[PDB]
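Novice: Protein chains in written order, with the deposited numbering: chain BBB, 1 to 4; chain BBB', 1 to 4; chain AAA, 2 to 293; chain AAA', 2 to 293. A prime marks a further copy of an entry chain.
Yeah, the Cβ is synthetic: ideal placement off N, Cα and C, and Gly gets one too.
Let me begin by handing over the structure; questions about it come next.
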Amino acid sequence: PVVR
Amino acid sequence: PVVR
Amino acid sequence: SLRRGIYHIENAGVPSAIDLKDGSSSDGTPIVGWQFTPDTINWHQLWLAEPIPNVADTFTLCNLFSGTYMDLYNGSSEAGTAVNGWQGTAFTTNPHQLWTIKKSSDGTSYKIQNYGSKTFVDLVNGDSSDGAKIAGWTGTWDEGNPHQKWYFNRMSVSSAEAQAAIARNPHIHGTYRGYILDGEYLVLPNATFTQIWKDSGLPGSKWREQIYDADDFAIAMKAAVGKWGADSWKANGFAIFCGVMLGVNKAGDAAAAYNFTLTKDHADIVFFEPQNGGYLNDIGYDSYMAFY
Amino acid sequence: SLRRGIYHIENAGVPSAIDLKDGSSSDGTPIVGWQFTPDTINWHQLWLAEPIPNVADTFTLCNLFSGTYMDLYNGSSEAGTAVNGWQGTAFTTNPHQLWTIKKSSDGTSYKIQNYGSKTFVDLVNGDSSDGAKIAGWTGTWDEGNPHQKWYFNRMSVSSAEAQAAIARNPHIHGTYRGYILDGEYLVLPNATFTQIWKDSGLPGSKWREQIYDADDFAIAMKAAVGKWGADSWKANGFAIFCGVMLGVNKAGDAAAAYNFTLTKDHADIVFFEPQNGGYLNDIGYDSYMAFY
Ligand SMILES: C[C@@H]1O[C@@H](O[C@@H]2[C@@H](O[C@H]3O[C@H](CO)[C@H](O)[C@H](O)[C@H]3O)[C@@H](O)[C@@H](CO)O[C@@H]2O)[C@@H](O)[C@H](O)[C@@H]1O
Ligand SMILES: C[C@@H]1O[C@@H](O[C@@H]2[C@@H](O[C@H]3O[C@H](CO)[C@H](O)[C@H](O)[C@H]3O)[C@@H](O)[C@@H](CO)O[C@@H]2O)[C@@H](O)[C@H](O)[C@@H]1O
Ligand SMILES: C[C@@H]1O[C@@H](O[C@@H]2[C@@H](O[C@H]3O[C@H](CO)[C@H](O)[C@H](O)[C@H]3O)[C@@H](O)[C@@H](CO)O[C@H]2O)[C@@H](O)[C@H](O)[C@@H]1O
Ligand SMILES: C[C@@H]1O[C@@H](O[C@@H]2[C@@H](O[C@H]3O[C@H](CO)[C@H](O)[C@H](O)[C@H]3O)[C@@H](O)[C@@H](CO)O[C@H]2O)[C@@H](O)[C@H](O)[C@@H]1O
Ligand SMILES: [Ca+2]
Ligand SMILES: [Ca+2]
Ligand SMILES: [Ca+2]
Ligand SMILES: [Ca+2]
Ligand code: NA
Ligand code: NA
Ligand code: NA
Ligand code: NA
Numbered sequence: 001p002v003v004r
Numbered sequence: 001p002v003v004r
Numbered sequence: 002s003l004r005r006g007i008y009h010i011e012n013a014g015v016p017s018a019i020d021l022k023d024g025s026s027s028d029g030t031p032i033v034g035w036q037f038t039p040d041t042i043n044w045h046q047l048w049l050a051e052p053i054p055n056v057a058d059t060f061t062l063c064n065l066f067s068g069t070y071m072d073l074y075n076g077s078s079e080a081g082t083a084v085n086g087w088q089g090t091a092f093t094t095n096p097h098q099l100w101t102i103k104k105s106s107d108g109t110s111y112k113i114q115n116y117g118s119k120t121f122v123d124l125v126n127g128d129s130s131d132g133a134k135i136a137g138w139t140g141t142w143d144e145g146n147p148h149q150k151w152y153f154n155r156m157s158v159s160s161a162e163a164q165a166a167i168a169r170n171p172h173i174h175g176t177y178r179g180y181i182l183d184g185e186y187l188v189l190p191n192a193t194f195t196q197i198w199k200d201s202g203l204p205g206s207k208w209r210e211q212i213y214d215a216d217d218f219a220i221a222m223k224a225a226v227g228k229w230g231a232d233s234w235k236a237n238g239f240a241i242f243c244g245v246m247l248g249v250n251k252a253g254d255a256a257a258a259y260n261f262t263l264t265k266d267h268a269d270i271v272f273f274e275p276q277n278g279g280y281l282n283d284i285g286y287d288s289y290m291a292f293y
Numbered sequence: 002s003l004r005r006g007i008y009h010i011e012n013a014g015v016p017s018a019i020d021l022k023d024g025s026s027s028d029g030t031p032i033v034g035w036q037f038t039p040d041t042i043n044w045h046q047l048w049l050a051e052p053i054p055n056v057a058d059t060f061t062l063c064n065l066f067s068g069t070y071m072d073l074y075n076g077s078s079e080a081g082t083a084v085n086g087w088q089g090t091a092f093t094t095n096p097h098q099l100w101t102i103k104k105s106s107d108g109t110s111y112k113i114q115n116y117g118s119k120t121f122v123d124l125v126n127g128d129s130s131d132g133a134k135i136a137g138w139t140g141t142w143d144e145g146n147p148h149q150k151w152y153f154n155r156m157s158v159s160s161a162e163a164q165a166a167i168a169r170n171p172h173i174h175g176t177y178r179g180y181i182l183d184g185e186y187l188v189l190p191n192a193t194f195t196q197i198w199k200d201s202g203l204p205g206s207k208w209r210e211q212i213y214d215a216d217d218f219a220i221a222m223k224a225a226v227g228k229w230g231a232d233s234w235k236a237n238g239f240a241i242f243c244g245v246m247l248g249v250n251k252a253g254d255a256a257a258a259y260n261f262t263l264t265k266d267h268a269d270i271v272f273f274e275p276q277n278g279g280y281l282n283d284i285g286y287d288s289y290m291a292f293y
């Protein structure tokens with residue numbers, strides 16, 4: 001997952 | 001070493 | 002296919018870019034041809050292309066400055082129909098704001114077709130004047146007409162492209178680990194990167210043992226570029242490229258923190274020393290950590 | 002031995018701390034007893050103790066606010082000699098500014114002996130008044146006299162202590178890597194950590210996809226605490242504790258960035274959400290990276  |  | 006990204010869109014016939022006039026967010030702001038300066042931020046001339054799921058080669062085009070979308074007025078197929086900025090969203094079903102973008106017959110420039118009308122973005126009469134009309138116009142995919150051909154000059158990198166640039170650098174330590182924070186980055190000219198540093202207050206900052214030393218300068222510079230990004234642009238779905246690295250010298254008995262940016266060709270990183278505003282290809286340390 | 006660190010030095014007999022009067026950097030500023038508020042920053046009452054190489058249990062004591070040193074006036078061994086702030090350096094050979102600090106006969110409080118005079122820091126007459134004289138006075142290492150006994154309330158952590166606090170947290174991912182930036186950290190009360198956040202402009206900031214999302218908030222908060230450190234304190238040789246973490250949820254399909262600080266007892270970390278100023282023992286992510 002992407003840091004959001 | 002330490003970040004300096 | 003055109004990749005998701007930020008583009009400076011330049012006519013194939015004359016040196017005019019697609020410009021949202023005065024960067025205005027008003028609905029119905031004209032989109033016009035305008036001259037440009039290479040190796041700057043052309044503030045009203047950057048376009049975020051978002052691919053539409055399950056519609057081949059079709060995008061929204063969001064002006065980075067205004068956050069408004071390229072819109073074919075009332076979706077008309079009439080030649081000479083206005084192309085304007087209009088409020089919208091990245092994944093709209095509004096065919097006024099959907100654009101099929103594929104390579105022209107020269108295989109280097111693109112044509113831009115409205116998904117609804119099947120007419121093409123046209124710099125009317127190939128007029129090179131500042132403020133020249135851009136319209137939806139009759140055309141074909143295969144014809145040579147330069148009025149309807151557009152170079153998509155890519156101004157952003159993916160996190161994959163940034164990772165590849167770091168990996169081919171000769172100053173990366175054996176133990177290096179990178180930590181990616183975002184997906185798609187606007188690459189700054191050094192002139193703009195330098196302006197953000199100049200305006201940050203860092204040029205005036207003094208080195209102080211632990212309390213404001215290398216790690217404080219590097220993190221301050223990354224925060225300054227983050228703040229500039231949000232304050233400068235109204236579009237969403239991208240970040241500004243500015244990395245922090247930690248490095249260790251050859252002897253393994255000193256470590257430092259510094260920043261890095263990317264070359265014009267997006268292929269390589271360049272180190273930035275936030276203690277003095279210098280750019281270096283060799284900053285005298287091998288990076289063992291980065292976040293960007 | 003007393004460890005290198007920042008201390009709030011509290012008399013054993015009455016609730017008076019060692020205070021540099023008005024925090025003044027003038028040479029000869031009186032050092033006095035003064036009342037204090039627990040779980041605040043007591044601005045004029047923090048002392049950085051630097052150990053002297055090859056002199057057992059002997060230190061300089063630098064006022065964090067002024068950057069000036071505890072000084073026995075002209076090094077006199079006379080009872081009642083003034084103890085003042087004076088310009089100096091962390092590793093001076095000036096015996097006016099060198100202090101041997103060892104446990105008292107109660108094994109919990111310390112006595113503070115001038116290395117030159119062999120007299121002791123004394124809250125004269127055990128006076129609890131704000132502005133009470135502190136002097137060099139005749140004494141012995143072993144006697145019970147509370148006028149000359151001082152609790153060294155430790156306000157800082159080493160990077161080793163910060164590392165241990167992270168390691169005993171139950172929300173650390175299997176793949177975690179930490180990156181230490183400094184050696185010795187002032188631990189903030191949450192009240193002060195919150196004030197820095199309140200004054201940063203982050204409370205007003207809106208979440209925006211990539212361009213100002215979790216990583217921007219967390220890095221901005223670390224930059225804000227770095228700036229506050231340098232702007233607030235004139236001493237060198239320490240940093241302010243404020244960490245950035247990246248985390249991943251149980252399902253392994255979302256990631257976040259946030260900050261962390263330390264508990265009052267320095268034993269545990271607490272997570273801080275810079276998007277809303279909340280403190281959490283569980284922020285719903287396991288940390289896979291930190292820098293602090
Ligand atoms: C110089 C001129 O170029 C071409 O005409 C263009 C126009 O071309 C487009 O529209 C016409 C119909 O008006 C036709 O459908 C053509 O296939 C299409 O590309 C258009 O670009 C306008 C507005 O900029 O300028 C010119 O009129 C060509 O067809 C003409 O014969 C002539 O060479
Ligand atoms: C209440 C008082 O406490 C002690 O006297 C202290 C002083 O103690 C120190 O100095 C004296 C000489 O004046 C002596 O050398 C002693 O060992 C040393 O600890 C001193 O702390 C002053 C200033 O604060 O206050 C008192 O005079 C004790 O010796 C007295 O008998 C008496 O119990
Ligand atoms: C923000 C603004 O940017 C510049 O003016 C823009 C203008 O910019 C382009 O055209 C100028 C010449 O007029 C230069 O070639 C720039 O390199 C181009 O980027 C256009 O975008 C027009 C039409 O929308 O708007 C102007 O505001 C610059 O001249 C201004 O000083 C200012 O920085
Ligand atoms: C910076 C300044 O700090 C406080 O005043 C200090 C004072 O602080 C201590 O004593 C006060 C009561 O006078 C409280 O107990 C504080 O918790 C203590 O830290 C002393 O250090 C004196 C003598 O040097 O100087 C004052 O400036 C505070 O009252 C002020 O508003 C201000 O924030
Ligand atoms: Ca992100
Ligand atoms: Ca630091
Ligand atoms: Ca450091
Ligand atoms: Ca971001
Ligand atoms: Na209009
Ligand atoms: Na698509
Ligand atoms: Na004086
Ligand atoms: Na020593």
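Take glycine 68 of chain AAA as the anchor and find which of AAA:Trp44, AAA:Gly137, AAA:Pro52 has the nearest alpha-carbon.
Specialist: Cα-wise, what sits closest to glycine 68 of chain AAA is AAA:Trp44.
Novice: Once the 5 residues before and after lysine 104 of chain AAA' are set aside, which same chain residues still bring their CB inside 7 Å of it?
Specialist: Within the same chain, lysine 104 of chain AAA' has close Cβ partners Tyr111.
Novice: Confirm, please, whether the CB-CB distance from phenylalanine 242 of chain AAA to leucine 49 of chain AAA is below 9 Å.
Specialist: Result no, Cβ atoms of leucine 49 of chain AAA and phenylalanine 242 of chain AAA do not sit closer than 9 Å.
Novice: Please write down, chain order preserved, every residue whose beta carbon lies under 7 Å from a heavy atom of ligand 12.
Specialist: That query returns the following residues: AAA':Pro52, AAA':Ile53, AAA':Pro54, AAA':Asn55, AAA':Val56, AAA':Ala57, AAA':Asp58, AAA':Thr59.
Novice: Which of the three DSSP states, helix, strand or coil, is assigned to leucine 203 of chain AAA'?
Specialist: Looking at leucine 203 of chain AAA' - three-state DSSP - the assignment turns out to be helix.
Novice: Take the Cβ of residue 1 of chain AAA as the centre, count every other Cβ of all protein chains shown within 10 Å, and call the residue buried at 16 or more, exposed below.
Specialist: Outside the shown range of chain AAA (2 to 293) lies residue 1 of chain AAA, about which nothing can therefore be said.
Novice: For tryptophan 234 of chain AAA', which residues in chain AAA fall below 7 Å Cβ to Cβ?
Specialist: Chain AAA residues near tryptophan 234 of chain AAA': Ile212.
Novice: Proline 275 of chain AAA: buried (16+ other C-beta within 10 angstroms of its C-beta) or exposed?
Specialist: Flag for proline 275 of chain AAA reads buried.
Novice: Using a Cβ-Cβ cutoff of less than 8 Å, which residues in the same chain neighbour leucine 182 of chain AAA once the five nearest sequence positions on both sides are dropped?
Specialist: Correct list, in chain order: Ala240, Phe292, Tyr293.
Novice: Rounded to the nearest angstrom, what separates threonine 176 of chain AAA and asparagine 126 of chain AAA at their Cα positions?
Specialist: Rounded to whole angstroms, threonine 176 of chain AAA to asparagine 126 of chain AAA spans 58 Å at the Cα level.
Novice: Quick check on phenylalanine 66 of chain AAA': does DSSP put it in helix, strand or coil?
Specialist: In this structure, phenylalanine 66 of chain AAA' counts as coil in the three-state DSSP scheme.
Novice: Can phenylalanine 92 of chain AAA' and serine 233 of chain AAA' be called in contact, C-beta distance under 9 Å?
Specialist: Cβ distance not < 9 Å, so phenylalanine 92 of chain AAA' and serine 233 of chain AAA' don't count as in contact.
Novice: Here's the rule: buried if 16 or more other CB atoms are within 10 angstroms of the residue's CB, otherwise exposed. What is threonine 262 of chain AAA'?
Specialist: Looking at its Cβ environment, which holds 16 or more other Cβ atoms inside 10 Å, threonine 262 of chain AAA' is buried.
Novice: Could you check if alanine 83 of chain AAA' belongs to the surroundings of ligand 11, using beta carbon to heavy atom distance under 8 Å?
Specialist: True, at least one ligand heavy atom lies under 8 Å from that Cβ.
Novice: Have a look at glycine 230 of chain AAA and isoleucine 53 of chain AAA' and give me their C-alpha separation to the nearest angstrom.
Specialist: Approximately 47 Å between the Cα atoms of the pair.
Novice: Please report the straight-line C-alpha distance between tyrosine 116 of chain AAA and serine 77 of chain AAA, rounded to a whole angstrom.
Specialist: For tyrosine 116 of chain AAA and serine 77 of chain AAA, the distance between alpha carbons rounds to 11 Å.
Novice: Count the CB pairs spanning the region 265 to 273 of chain AAA and the region 150 to 168 of chain AAA that are closer than 8 Å, and state whether there are at least three.
Specialist: Output reads yes: the region 150 to 168 of chain AAA touches the region 265 to 273 of chain AAA.
Novice: Residues of the region 177 to 201 of chain AAA with a CB closer than 9 Å to any CB of chain BBB: list them in chain order, please.
Specialist: From the region 177 to 201 of chain AAA, only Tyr180, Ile181, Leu182, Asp183, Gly184 have a Cβ closer than 9 Å to chain BBB.
Novice: Quick check: what's the CA-CA separation for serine 106 of chain AAA versus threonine 120 of chain AAA?
Specialist: Roughly 17 Å between the two C-alpha positions.
Novice: Is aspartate 183 of chain AAA near ligand 8, going by C-beta to nearest heavy atom under 8 Å?
Specialist: Yes, the Cβ of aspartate 183 of chain AAA comes within 8 Å of a heavy atom of ligand 8.
Novice: Which partner residues does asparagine 85 of chain AAA have in the DSSP bridge list?
Specialist: Looking at the DSSP assignment, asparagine 85 of chain AAA forms a beta bridge with AAA:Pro31, AAA:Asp72.
Novice: Could you give the distance in angstroms between the alpha-carbon of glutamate 79 of chain AAA and the alpha-carbon of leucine 73 of chain AAA?
Specialist: Approximately 11 Å, taken between the alpha carbons.
Novice: Along chain BBB, which residues have their Cβ under 9 Å away from the Cβ of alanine 256 of chain AAA'?
Specialist: The answer, in chain order, is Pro1, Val2, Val3, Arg4.
Novice: Relative to chain BBB, which residues along the region 241 to 255 of chain AAA' have a C-beta separation below 8 Å, given in chain order?
Specialist: If the cut-off is 8 Å between Cβ atoms, the region 241 to 255 of chain AAA' has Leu247, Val249, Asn250, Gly253, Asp254, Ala255 near chain BBB.
Novice: Report the three-state DSSP secondary structure of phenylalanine 218 of chain AAA (helix, strand or coil).
Specialist: The answer is helix: DSSP assigns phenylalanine 218 of chain AAA an H, G or I state.
Novice: Figure out for me which residue from AAA:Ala221, AAA:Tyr8, AAA:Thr193 has the closest Cα to the Cα of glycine 205 of chain AAA.
Specialist: Closest option to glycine 205 of chain AAA, Cα to Cα, is AAA:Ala221.
Novice: Do you know how far the Cα of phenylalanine 273 of chain AAA is from the Cα of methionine 71 of chain AAA?
Specialist: About 36 Å.
Novice: Should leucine 3 of chain AAA go down as buried or exposed, given a rule of 16 or more other Cβ atoms within 10 Å for buried?
Specialist: Buried, since its Cβ has 16 or more Cβ neighbours within 10 Å.
Novice: Given a threshold of 16 other Cβ atoms within 10 Å of its Cβ, counted over all protein chains shown, does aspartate 287 of chain AAA' qualify as buried or as exposed?
Specialist: The residue is buried, with at least 16 neighbouring Cβ atoms inside 10 Å.
Novice: Give the secondary structure of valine 125 of chain AAA by DSSP, where H, G and I count as helix, E and B as strand, and everything else as coil.
Specialist: Reduced to three states, the DSSP call for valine 125 of chain AAA is helix.
Novice: Determine the contact status of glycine 137 of chain AAA and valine 188 of chain AAA, defining contact as a CB-CB distance below 9 Å.
Specialist: Going by C-beta atoms, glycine 137 of chain AAA is not nearer than 9 Å to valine 188 of chain AAA.
Novice: What residues in the region 38 to 68 of chain AAA' have a beta carbon less than 9 Å from any beta carbon of chain AAA?
Specialist: If the cut-off is 9 Å between Cβ atoms, the region 38 to 68 of chain AAA' has nothing near chain AAA.
Novice: Which residues in the same chain have their Cβ closer than 6 Å to the Cβ of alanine 258 of chain AAA, if we skip the five residues on either side of it in sequence?
Specialist: Once the five neighbours on either side are set aside, the close Cβ partners of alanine 258 of chain AAA are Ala215, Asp216, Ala219, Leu247.
Novice: Quick one: is the Cβ of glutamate 144 of chain AAA within less than 8 Å of any heavy atom of ligand 1?
Specialist: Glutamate 144 of chain AAA: yes, Cβ under 8 Å from ligand 1.
Novice: Pull up the DSSP beta-bridge partners for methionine 246 of chain AAA', would you.
Specialist: Partner(s): AAA':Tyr259, AAA':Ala291.
Novice: If you check the beta carbons only, do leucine 99 of chain AAA and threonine 59 of chain AAA fall under 9 Å apart?
Specialist: Yes.
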